[PDB]
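What follows is a single chain, given as structure tokens, in the form deposited in one PDB entry.
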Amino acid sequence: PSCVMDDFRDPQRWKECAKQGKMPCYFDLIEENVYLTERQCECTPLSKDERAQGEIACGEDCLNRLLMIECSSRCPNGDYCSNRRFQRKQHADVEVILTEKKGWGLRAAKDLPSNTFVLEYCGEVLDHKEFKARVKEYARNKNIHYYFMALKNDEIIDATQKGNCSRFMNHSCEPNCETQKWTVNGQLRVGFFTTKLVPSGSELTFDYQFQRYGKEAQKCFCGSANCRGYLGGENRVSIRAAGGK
């Protein structure tokens, strides 16, 4: 079974597709990070001719791109700025698929060039108090999958209840994606980017570098020759540590 991202826009149909096991369980689809408690480049503007020639606005040499900052609407290249991927939701062509043992996952629907933006990891941003509260709730409920992503010291992203299809990217000890933290509007966001050419049909993975606070570690089924056997690796850390101190 597989589904495209558009399938998640229709809740009623998503829900009944889920009853027949045709789509993953329902969660709240959001366009950007939601906080539980709240807290310009020097590119030379492309001519119309360069635009027509296929020149890239704010490409490799953009001072903002280089520091992993997105441009605003006030960018010198304006509409044509190619450095506003997070804000324009310019995700890769990706599908959500049911895997053998890891639950649902992500898969390339087209070839994906190296260093291609895939999706933003959206969710509810928690502080330490909120994180601890949800650690308990998720344990009480006996959740299997976990969706905590460290953003900064007092900010963890939690896509358990709210997020987008990025919450489906499985771990691999030998992955074809990575996280990159991007500054968007003075706020930090995390997004997945490919680390290499990913052929169409290939599953999309990143290395969790998982900080396990659980008593028992989950077994990893990535199937790599360098697989570490478990998510979190050898060590178990405290709750506060996983949570960023």
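Only residues modelled in both forms are compared. All residue numbers refer to positions in the sequence shown, first residue = 1. Each form is matched to the other, and the largest set of C-alpha atoms that superpose within 1.5 Å is called the rigid core.
This next part talks about the form deposited in another entry, which is not shown.
- Core-superposed comparison between this form and the one not shown: the CA of residue 20 stays below a 2 Å shift.
- In the core-superposed comparison between this form and the one not shown, residue 195 has its Cα shifted by less than 2 Å.
- Comparing the forms between this form and the one not shown, the C-alpha position of residue 210 differs by 2 angstroms or more, with the core used for superposition.
- By 3 Å or more, the C-alpha separation between residue 233 and residue 197 grows in the other entry relative to the form shown here.
- Relative to what is shown, residue 233 and residue 176 are farther apart in the other entry; their C-alpha atoms differ in spacing by at least 3 Å.
- Core-superposed comparison between this form and the one not shown places the runs of three or more consecutive residues whose CA atoms all shift by 2 angstroms or more at 1-5, 209-216, 233-241, listed in sequence order.
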